[PDB]
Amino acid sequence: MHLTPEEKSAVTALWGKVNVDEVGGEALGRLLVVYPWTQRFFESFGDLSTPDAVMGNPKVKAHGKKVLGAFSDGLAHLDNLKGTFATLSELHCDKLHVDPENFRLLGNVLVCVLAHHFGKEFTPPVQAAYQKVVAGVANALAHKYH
């Protein structure tokens, strides 16, 4: 994780204006819509057959919240993502059986959601900084796979 002092600030400043709840449900919902195979893990959420169905599912909204909540906490520890996410990493592998590629997909969808929301303030340099962050997080979460 190499975040220049500036990138760090940019990440922090934007994150302070983010409504995790709202953003989480939107990122998780879009994931499910753009890359439908990711629905394989959420059979129990119900019908995810239409974008409207997905976007309005409360189980999708709650999960998006849980996930981005954890994401949010990692932003507090960019210096030790690995240690911070170690337990969740082992959980995703041994218990959930989640292909770590999903973490990369969610990271790119997240960036799309921040751009959508923030418009012009989501400048090239801000995106580059977030790009480093989502990669760092996906990597931390894939770290304990075996």
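Here, rigid core means the biggest group of C-alpha atoms that superpose within 1.5 Å across both forms. Numbering starts at 1 and runs along the sequence shown.
- Comparing 92-100 with 106-114 in 5 other deposited structures of this protein, after superposition on the rigid core, the stretch with the greater RMS C-alpha deviation is 92-100.
- When 137-145 is weighed against 2-10, 2-10 comes out higher, by mean CA B-factor as recorded in the entry.
- Relative to one another, 46-54 and 92-100 have unequal mean CA B-factors, and 46-54 is the one with the higher figure.
- In this PDB entry, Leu28 carries a Cα temperature factor that places it within the lowest third of its chain's modelled residues.
- Sort the chain's modelled residues by C-alpha temperature factor and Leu81 lands in the highest third, per the entry.
- When the modelled residues of the chain are ordered by C-alpha B-factor, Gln127 sits in the lowest third.
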